[PDB]
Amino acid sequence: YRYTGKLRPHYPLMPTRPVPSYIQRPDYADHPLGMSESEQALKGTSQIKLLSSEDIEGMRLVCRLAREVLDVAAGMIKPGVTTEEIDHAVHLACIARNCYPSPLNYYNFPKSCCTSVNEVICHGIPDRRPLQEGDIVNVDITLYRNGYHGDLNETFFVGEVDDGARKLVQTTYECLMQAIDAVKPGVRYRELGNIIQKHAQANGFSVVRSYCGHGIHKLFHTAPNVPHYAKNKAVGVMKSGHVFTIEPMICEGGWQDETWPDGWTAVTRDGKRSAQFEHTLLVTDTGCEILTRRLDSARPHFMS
């Protein structure tokens, strides 16, 4: 395997983390290949669940907890901490909130969150590499509670970073907020990619194409599929009661991605940097509710 940039995996990984048996688990938690029977029963289906008031309350709760655990991770982004240490803290924060960390064993993913440094587009595996000043890192969290999943992620600066890092991270966030801004009953899901790419292109950046936002609720990843690039053919129209994520992955160089030999890590084929932000949203009659919004500040961590 020819790596595309300077990053390399740092093994071995510490032994897998158990979840106290008292934490409720999703069906794939104990599946040997980590498959989700319930998600497979709806594979290829375009229909989009309309949540009930019990559901909405369930989504509100797990999404607030998820935000709390992301804020914990944020607190740890300093040079020299390893992504596995971050993951460890995150694992413990889900347990303490009586939640299961959704990524854990999902299709056999070995950790409790995804940490994606620099050229890693998404799904980086927490490992022994200490964060380096100048690095940018995304931590993507998903929690499961009472039958519901809550998902968000933010890109962070490690120490001081260069101007390009700053511009990439800022633009990406803007891409995300301009798409949220358009969410309301009646809008087609395929429209968001137009907004996202329009802003990324205007700033010299490209939009990853192999990964998309997704519906989320009782299932981790379900309809709708939400591409973040222009002129896509996403299926569906937003309706009050729909819950889904927007999570654009934007790159300094080209949009092409490839996967490391570990079967998970998605990286830019050109080795340039990538950044991402994500919120889980609920369409309401006036627009949408940002379920994973930071509550103690108006801004994401990087700009502060």
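All residue numbers refer to positions in the sequence shown, first residue = 1.
Asks: Do the CA atoms of 230-238 or those of 152-160 have the higher mean B-factor in the entry?
Replies: Averaged over C-alpha atoms, the B-factors run higher in 230-238.
Asks: If you average the CA temperature factors over each stretch, which comes out higher, 289-297 or 15-23?
Replies: For C-alpha atoms only, the mean B-factor is higher in 15-23.
Asks: Considering only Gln40, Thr265, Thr268, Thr245, which residue's Cα atom bears the greatest B-factor as recorded?
Replies: Reading the PDB entry, the winner on C-alpha B-factor is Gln40.
Asks: Pick out which of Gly213, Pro103, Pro79, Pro126 has the highest C-alpha B-factor in the PDB entry.
Replies: Answer for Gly213, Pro103, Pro79, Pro126: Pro79, with the highest C-alpha B-factor.
Asks: For the chain shown, is the CA B-factor of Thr142 in the lowest, middle or highest third of its modelled residues?
Replies: It belongs to the lowest third of the chain when residues are ordered by C-alpha B-factor.
Asks: Compare the C-alpha B factor of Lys49 with those of the other modelled residues in its chain, then answer lowest, middle or highest third.
Replies: Tercile = highest for this residue's CA B-factor.
Asks: Based on the entry's values, in what third of the chain does the Cα temperature factor of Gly75 lie: lowest, middle or highest?
Replies: Its C-alpha B-factor belongs to the highest third of this chain's values.
Asks: Should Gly204 be placed in the lowest, middle or highest third of its chain by the C-alpha B factor in the entry?
Replies: According to the entry, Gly204 has a C-alpha B-factor in the chain's highest third.
Asks: Using the temperature factors of the C-alpha atoms in this entry, rank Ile56 within its chain: lowest, middle or highest third.
Replies: Ranked within chain, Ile56 CA B lands in the highest tercile.
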